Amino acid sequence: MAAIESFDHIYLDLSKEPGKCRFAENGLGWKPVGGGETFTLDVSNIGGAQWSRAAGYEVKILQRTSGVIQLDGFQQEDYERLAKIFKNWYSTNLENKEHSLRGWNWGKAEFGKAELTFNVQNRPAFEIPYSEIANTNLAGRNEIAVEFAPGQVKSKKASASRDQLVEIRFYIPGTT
């Protein structure tokens, strides 16, 4: 129904400052409280969307090209509005995507379209966007090192926290 759907207090890609999120038929725009550049995403590059709880709630947007847009700070009540937006405007189902909370460190590391996902019994424990990765190295058998540059390529999401992610190592049998 509405022309614009607006949502307040939303963080874009681990932004330190929240901003205003506006949804329209032709795509989405985010504008920071004062300091920073506005972000835009055309409807033609909206391929999918996931809804889950994060450091409030997060809408993760999957581009038709390889990439992820993270919008968190939504309230739980915001789901039904968002689901209508993505379905009616973006031809997309907003998938409810629960993450694993058991605290296990074994499962499956899967290389998807835009992210390296570690799944625990088919539910994601965490996701690493390819755009954040500085290097991928064989560290032995059967070990792969995924390195970040929080401080060439820069890993902004790795450095958004006070505790900056430097490296993750996976044991993956059968590539040695």
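In this text, residue numbers run from 1 along the sequence as written.
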Relative to the deposited sequence, how many residues with no modelled coordinates occur between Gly151 and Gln152 (none, 1 to 3, 4 to 9, 10 or more)? 4 to 9
If you count the residues of the deposited sequence that sit between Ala55 and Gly56 but have no coordinates, do you get none, 1 to 3, 4 to 9, or 10 or more? 1 to 3
Tell me which stretch, 100-108 or 87-95, has the higher mean Cα B-factor listed in the entry. 87-95
Of 1-9 vs 165-173, the stretch with the larger average CA B-factor in the entry is 1-9
Which has the highest CA B-factor per the PDB entry: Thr65, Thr38, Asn122, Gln50? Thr38
Name the residue from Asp42, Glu115, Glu143, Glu132 with the greatest C-alpha temperature factor listed in the entry. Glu143
How does the C-alpha B factor of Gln70 compare with the rest of the chain: lowest, middle or highest third? lowest
Relative to the other modelled residues in the chain, which third contains the C-alpha temperature factor of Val33: lowest, middle or highest? highest
Of the three thirds of its chain by CA temperature factor, lowest, middle or highest, which one includes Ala139? highest
